[PDB]
Structure formats: structure tokens, C-alpha cells
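Asker: this one's a deposited entry, sequence included:
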Amino acid sequence: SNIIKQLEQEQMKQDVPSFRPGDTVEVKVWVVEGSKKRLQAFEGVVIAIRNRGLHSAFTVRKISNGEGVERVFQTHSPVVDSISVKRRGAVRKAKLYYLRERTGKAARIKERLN
Amino acid sequence: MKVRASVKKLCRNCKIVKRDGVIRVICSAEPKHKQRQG
Amino acid sequence: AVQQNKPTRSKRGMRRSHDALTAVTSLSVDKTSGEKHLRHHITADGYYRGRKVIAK
Amino acid sequence: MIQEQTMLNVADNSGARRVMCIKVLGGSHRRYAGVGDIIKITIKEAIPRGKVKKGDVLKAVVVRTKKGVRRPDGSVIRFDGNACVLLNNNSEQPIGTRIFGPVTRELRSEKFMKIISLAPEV
Amino acid sequence: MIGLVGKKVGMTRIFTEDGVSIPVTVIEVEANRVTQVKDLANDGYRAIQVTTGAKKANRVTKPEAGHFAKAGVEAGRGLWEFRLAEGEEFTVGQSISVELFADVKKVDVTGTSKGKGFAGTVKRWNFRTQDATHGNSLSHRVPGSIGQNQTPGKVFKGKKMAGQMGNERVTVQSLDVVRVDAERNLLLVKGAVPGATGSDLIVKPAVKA
RNA sequence: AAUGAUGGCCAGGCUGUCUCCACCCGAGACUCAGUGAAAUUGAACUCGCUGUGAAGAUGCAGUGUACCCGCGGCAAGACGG
RNA sequence: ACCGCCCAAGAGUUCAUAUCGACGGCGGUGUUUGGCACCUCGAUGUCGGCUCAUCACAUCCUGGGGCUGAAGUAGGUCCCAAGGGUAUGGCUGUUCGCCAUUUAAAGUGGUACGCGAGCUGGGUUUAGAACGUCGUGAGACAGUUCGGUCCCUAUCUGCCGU
């Protein structure tokens, strides 16, 4: 284990934001459009988190004007440039698989504004 | 090009060539005139 | 699902040739009373690694 | 990821809400094809006064499959439901005139450049 | 440039500057050693016998001690011949550097694969399944028919039969290059070498050119 | 009309029925101890390939190949029971 | 029987073998429909589906190559060439078949019309009951529809690993 330990001890991200399983999340993932680069939003909640270091995860659940295109990010892949928080969530458990089918008028959860 | 047991001369310009052991047909007049023993 | 012809006498031995038993012969000799005891086993007097454990 | 008779929603203004996978294009045995895959399928319904009628058959230019879409870091933008956008026989392009909902940038090559002109999303 | 093989450290996904992902093999190779002459001169074919690694003082046995004593060398984990390619040519006893993969652009992997014991035939060869219902008679995974009838009536040699597979040497050649650290003696490669993790697998510059 | 563990077809819901299978928990299968069976059985030191023959060869002619003996599996053949 | 080929009416606008052919002629293979009854009736389980195959080559695409009434293209024909490859659904037990739509393309044949001590049984040869028809009946129909029991703990050969 002490082999890659120094290898990738220098490849995990540098300044990741605040979330919970159910905190609102948006991974600005630099994607291919035309001939220039820009940032495009993917704002959502975490339903599923992986505290695994570089190969870990922090989950974003958007709503794509009715049908989303769902994303399993790498927090520590530089393809995730950064995260900018709009609000965190109030969660109990570890994995918010419920965040999906929960929609429209009730789809909300309050802010865990503490 | 024609292969059968029946090979013969057909026009004025050919050479039925024994190229080894099976009879043949060539043409030096027309492309149609080529055969071998069968 | 059966033999079709009855096997010979001699074969039966060879099939039995590897099943021969193997002797231990690696006796270990203790340092307190010298009672023969298996290496790594408390003696019949319940001794191993030399000392009187338990007590029976 | 559209296979024989795949449940199919429609992203377009043609009226047909119905399509169903029956033959993939581009090479024999081509099994799991989606994203930007074109395949043979048949229409099973339309809107009352639409440009297609019950029974008309066509292929597909996909924009959604329940499998979502991979991206440079191994990341994926994943589809919730299998909703799609058909194609012409000769002119290609979805037989319709107004399309809605997620497509895939993987369909971006100036051949489906028609749609990429004015979409709400991708 | 002979190949260099290591202990299958493990693996990683190597992260880059512009969104590049490189899940790479992780392997250990110490300063290698060629330990003998093989060629025309003493055998008539040319090869370079090589041991690498170390051994605990007490366990270097006298003849092998002499083998290394005659060698006068530290113990290494094993002696390998590199067949001399008319530019390849070594003699006993040298402790080696790794620069021999300066460019390579592709190397090998050959060694004991993951332990599996009797793997199932379904996995060894990608066979098919029968249906799980409508009267299946206890045949959810059998191989099915294998051979013909009163005609040749014998089983062709080589027939792919289920059984133990893997957990053994496995040559993996013509393999793209990703990265190394000579200063650390790792080998980190897009694509991960066979075997059990921690294994040695023959990594050699490409033989498919 | 109502009825039917009745015959045939078409909608809705559903989901590992399938493209295509992955993992996990239980009871056997494997090693050690003790007890301890059946169908079957001219006799056998019991290889492949061409050909010939009460006309589809382990056992014939010519011809290739192969150190002695186990253990876990598989089911083409022994016109297998 | 099939394919193959021999003759040259004739055709083919020309030109009997660009590509066809009268009437007649001589072969090859042994796969269709056939004959004969030498072996099996003190038991050699029938149609078809499913998994896994394998070779021949009278060559389907690819490869080569020639020629062509083969401009590019796309054909037609002849010689070489057997490494690799070779669709998904609906309709009926079906094979067959037909059809919808794809692709380089959906080659032809042997192997007990491969394969049940690896699976199924929907069809075809048992007992129930029906209709048409046929006889006085008993019942028949090779005419049609509904229902209906499948065993093996692997000695030897062989083959995969150890």
C-alpha cells in the first residue's frame, strides 16, 4: 500500500466544498462544446457519498426539466474542476436514493441551516 | 475461358498447347479461344 | 453405469499401493522428566515448553 | 441502449409518443446501441393530426437511454427514462419539426446538425 | 532493451493536468542483476542470468551461498536469463539500473495470474446459458454436448473443457506506455498487469514492434 | 340472463421470462475419525489411422505413436444396464 | 436424380461456345424419388427445437486472377485461391414456407437425415369423450378437433487439470 501512497497522495483535490447525503451539489465538469471552453452548471443534491479519498464520490442530483441526465462524479478527478454550493441538505442516513422519485411539489427538503 | 474434356482448335490463329500433360486451348486471334484438357 | 468385465486380482493391489500408511517416527524428548511427548504438545503429564501447566 | 422494442418516449413535436426498437444500424449483431445510434424501429402511436399515422415505420437518432452518458473523467450524465427522437428514411433528421428534452452531444457531428441549431438542451 | 518485471504492487488511476485518467499497473522492481555468461562461449547460445531482490542472511545456502559466494553477491529473489540479441550480452554478477526502458512505448506482462482454482467453464470460455425455466431438467450450467456418434466416436484433443485456469504465468505484450519513476522503481501503466496483485509478471519492451 | 380450477384471441400492470449475468446466505459435494450396501460379471498384459471381413474392428494386414502408479472432474465409445 | 461434360441446328443484330441452344453423344458423384432383402425382432427410443461443434470445396464476401456485347459503375464468363466471416422479428408443431426490415454477406454439403447415460415433447403409433362419413350391428376412416407418467452412485477407452 505504501507504493501508490506517495504516488496519489498528491492527486486528490485541494479545496472541496460542503455537502451531506442530500446536500445540494453542482460539479462544474469541463465538457466539450464548439472550440472554446466554459463552465456549465449541474446543480443537485447528494443521494450517495463515497469517503474513499481520490477515487471517492460526492453526489449531484439535478432536475433536468423533467428528465435528468444522472451523474456519478469523481470528486478527486481534475475533470471535476470545482464545486460551488447553493445550499446544503438536511439528511439522516448515508444514501439518498429517495432524492429521485421525490418530485415537484414535495420534491424539496428543508435546509439543514445549522 | 473454356475447360472441359473437349479441347480443339477453333480458328486460324490458335495454338492448342500441351503445357505438360493435359490438353489445352489458346488464341492468338480472339479472347474467346482459350481452353484446356478436361 | 457398471463395470463390464470383472477386474483381475493383481490390479486390486496397485490401487491399494498409495494408500499405505505413513509413520510418525518424529518423537520429541522432554527436558523435565524426559517423558516422551509429541513436539509442540503438553506432555501426558500435561507438560509443554517445560513447565507444569494445568495440573492433573 | 435501445434493443428490440425498447420502450420509447418521443422528444419531438410530431405527436407520436411511441417508438420501439427493431433493428440497429451500422453493423450486424449490434446489440446495445444508443446515444447517437440509429436503428430500425416502428411507430405504434401518434397525435390525432400528426405527420405519421398508426403503423408508420422508421429508424432512430437517440437522445436518451436509462443508461446515461460517460464523459472525460469516467463520469457519466445518466438518463432517467428511455425517451428518444426518431429519424427520416431519406432526409434523416427526426421526422418532426420541434424537439424537446435531453439529447446527447455525442450526436453532434453536423449530420444531426439540424437539431443542434435551436434546442432547449444540448 | 530487455524487459523489467516487478512485484504487482497494486494499481491506481493516474490523474493528470487536462482531464486525463490513467488507471495504471503498480509494480516493484529493484536494481536488477545479471549473474552469469550464456552465449557461444560457455553454452553456445547467449543469455543473461539475472536475480533481483534480497534474502535474509541466514537463508543463503552454502552452495547457493557459494552460488552467490562464487557470485560474491547479495541474494536476489530470482535469476532470469535475457537471451542475448547480438546487442544483448552479459556476464556474471552485475547489479542493474532501469534506464533500459528509456522510450519502449510498449512493454510486457507475464506471470502468475489471480488465484482461481477450478474456475467454471462459463467463465473460462464465455459459453452460454440454457433457459432457467419451462421444464429445465437440472441443467442450468452444464457444458452440454461435446462430441459426435458412432462415427469417429472419440474426443478431439484440445477441446475447450472446463477446469482450473489462470493463477499462472501470462504474457502481456505490446502494451502502451504511461509512466514510471526510476527514483522509486514503480511501473504505472494505462492498463493493469495480470496475476494476483503483488505478483511478478514479465514486462518487456514490445515484441510486436 | 347468470355461471365455469372450460376452449381461442387482444388491451392495462408488472417485473432478472430474455440481450447477459453479478454478488451474498444457507444444506451437500472435499480432508480426519467410526460403521458399513447394489445393480453387474467367457477370459483378458484392454492405443490412433487407412483397408478387409456374416458387409460400421482394442484383439485381422500395413502402418504412427507412446517411462510405473494415483487423485479431482467430463460424459463421445465399449451395438453400456 | 443431380451436376458435368461431347457433338453442332440454331440463336443470337454480327459471332453455334459475348451469353444462350435443336437432335443426338459420353461422363462423374452417390444427396432426391426408387429395387434387393445379406445382419438387428431373448428390444439398435420417432418429428422438431436448445447448447457445442467439425471438415470438403463443385467459392457466398473478402483475396487473387483472366477474360468478357467488362467506359467509371455495375455485370457475364473461365483458371487460382478454403486464412477469417457469415442477421433480428410476425405468421403456423413445423422442417419447409411466406413475409417485415437490415448488412460485405446472410455459400452448398457429411458426419446413425450429429448430438436425450446434456434438456424439452408441441407433432406422429394406447386407454376417455365428440362431428362428417361408411356398414344392421360389433366398429372403421390413411377425415377433422379437447385431455393425458421419460430411469441410471462412471469399472475400461477417451479428454481436461493435478
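Answerer: Cool, the structure landed. Residues are numbered from 1 along each chain as shown, chains lettered A, B, ... in the order given.
Asker: ok, the residue of chain D most remote from its centre to residue E:168 distance?
Answerer: Ranked by distance from the centre of chain D (CA atoms, centre = their mean), the top residue is residue D:73, with 25.5 Å. In this view, residue D:73 and residue E:168 are 35 Å apart by CB to CB, to the nearest Å. The way it works is simple: take the backbone N, C-alpha and C, and place the C-beta from them, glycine included.
Asker: then residue A:47?
Answerer: From residue A:47 to residue E:168 the distance is 43 Å (CB to CB).
Asker: these two: which is more packed in?
Answerer: residue A:47 (21 against 14; other CB atoms under 10 Å in any protein chain shown).
Asker: and the strands in the chain, which stretches?
Answerer: Picked chain A for this. Ranges of strands in chain A, per DSSP state E, are A:24-29, A:43-45, A:49-50, A:57-58, A:69-71, A:80-83.
Asker: other chain: chain C
Answerer: For chain C, strands defined by DSSP E occupy the ranges C:28-29, C:36-37, C:47-48, C:51-52.
Asker: tell me which of those strands is the most buried.
Answerer: Burial of those is given as mean neighbour count (mean count of other CB atoms under 10 Å in any protein chain shown); strand C:47-48 ranks first at a mean of 18.
Asker: tell me the residues of chain C that contact RNA strand F?
Answerer: With the criterion set to CB under 7 Å from any atom of the strand, chain C comes near RNA strand F through C:1-8, C:10-11, C:14-15, C:17-18.
Asker: can you redo these as JSON lines with neighbour count?
Answerer: Output for those, formatted as JSON lines (neighbours: other CB atoms under 10 Å in any protein chain shown):
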{"residue": "C:1", "neighbour count": "2"}
{"residue": "C:2", "neighbour count": "3"}
{"residue": "C:3", "neighbour count": "6"}
{"residue": "C:4", "neighbour count": "4"}
{"residue": "C:5", "neighbour count": "5"}
{"residue": "C:6", "neighbour count": "5"}
{"residue": "C:7", "neighbour count": "9"}
{"residue": "C:8", "neighbour count": "8"}
{"residue": "C:10", "neighbour count": "7"}
{"residue": "C:11", "neighbour count": "9"}
{"residue": "C:14", "neighbour count": "8"}
{"residue": "C:15", "neighbour count": "9"}
{"residue": "C:17", "neighbour count": "8"}
{"residue": "C:18", "neighbour count": "6"}
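Asker: now tabulate these in JSON lines and tack on distance to RNA strand G.
Answerer: Formatted as JSON lines, the residues of chain C next to RNA strand F follow (distance: CB to the nearest atom of the strand, whole Å):
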{"residue": "C:1", "distance to RNA strand G": "4"}
{"residue": "C:2", "distance to RNA strand G": "5"}
{"residue": "C:3", "distance to RNA strand G": "4"}
{"residue": "C:4", "distance to RNA strand G": "5"}
{"residue": "C:5", "distance to RNA strand G": "7"}
{"residue": "C:6", "distance to RNA strand G": "9"}
{"residue": "C:7", "distance to RNA strand G": "5"}
{"residue": "C:8", "distance to RNA strand G": "10"}
{"residue": "C:10", "distance to RNA strand G": "13"}
{"residue": "C:11", "distance to RNA strand G": "8"}
{"residue": "C:14", "distance to RNA strand G": "10"}
{"residue": "C:15", "distance to RNA strand G": "8"}
{"residue": "C:17", "distance to RNA strand G": "13"}
{"residue": "C:18", "distance to RNA strand G": "12"}
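Asker: from those residues, which land in helices?
Answerer: Taking DSSP state H as the definition of helices, these contribute C:10-11, C:14-15.
Asker: ok, the one residue sitting closest to the centre of chain B to RNA strand F distance?
Answerer: Taking CA atoms, centre = their mean, the centroid of chain B lies closest to residue B:25, which sits 0.7 Å from it. Distance, residue B:25 to RNA strand F, using CB to the nearest atom of the strand, to the nearest Å: 36 Å.
Asker: contacts only, for the residue nearest to that residue when sequence neighbours are not counted.
Answerer: Of all residues beyond its chain neighbours, the one nearest residue B:25 is residue B:35 (2.9 Å), with distances taken as CB to CB, 6 or more residues apart in numbering or on different chains. Residue B:35 makes contact with B:1-4, B:7-8, B:24-25 under the criterion CB atoms under 8 Å, 6 or more residues apart in numbering or on different chains.
Asker: just the buried members of these?
Answerer: The neighbour count (16 or more other CB atoms under 10 Å in any protein chain shown) marks B:7, B:24-25 as buried among those.
Asker: neighbours around residue 13, how many?
Answerer: I'll assume chain A. The number of residues near residue A:13, taken as other CB under 10 Å, comes to 18.
Asker: that's the other chain; I wanted chain C
Answerer: Around residue C:13 there are 9 residues (other CB under 10 Å).
Asker: taking the centroid of chain C, which residue is nearest it?
Answerer: Geometric middle of chain C (CA atoms, centre = their mean) lands on residue C:24, at 4.9 Å.
Asker: any idea how far that one is from RNA strand G?
Answerer: Residue C:24 is 25 Å from RNA strand G, where distance means CB to the nearest atom of the strand.
Asker: and the strand ranked longest in chain E with chain A, contact?
Answerer: Counting by DSSP E, the longest strand found in chain E is strand E:6-15. Yes. Among the residues of strand E:6-15, E:9-15 lie within reach of chain A under CB under 8 Å from any CB of the partner chain.
Asker: and these, which is closest to residue A:40?
Answerer: Set against residue A:40, the nearest of those by CB to CB is residue E:15 (21.9 Å).
Asker: and the closest one, what does it touch?
Answerer: By CB under 8 Å, 6+ apart, the contact set of residue E:15 is A:8, A:11, A:54, A:76-78, E:21-22.
Asker: which of the residues you listed fall in helices?
Answerer: Taking DSSP H, the ones among these that sit in helices are residue A:8.
Asker: tell me the residue of chain A that sits nearest RNA strand G?
Answerer: Nearest residue of chain A to RNA strand G, counting by CB to the nearest atom of the strand: residue A:67, 27.0 Å away.
Asker: tell me how many other residues crowd the closest residue to that residue other than its chain neighbours.
Answerer: Nearest non-adjacent residue to residue A:67, counting by CB to CB, 6+ apart: residue D:80, 4.6 Å away. Residue D:80: 18 surrounding residues under other CB under 10 Å.
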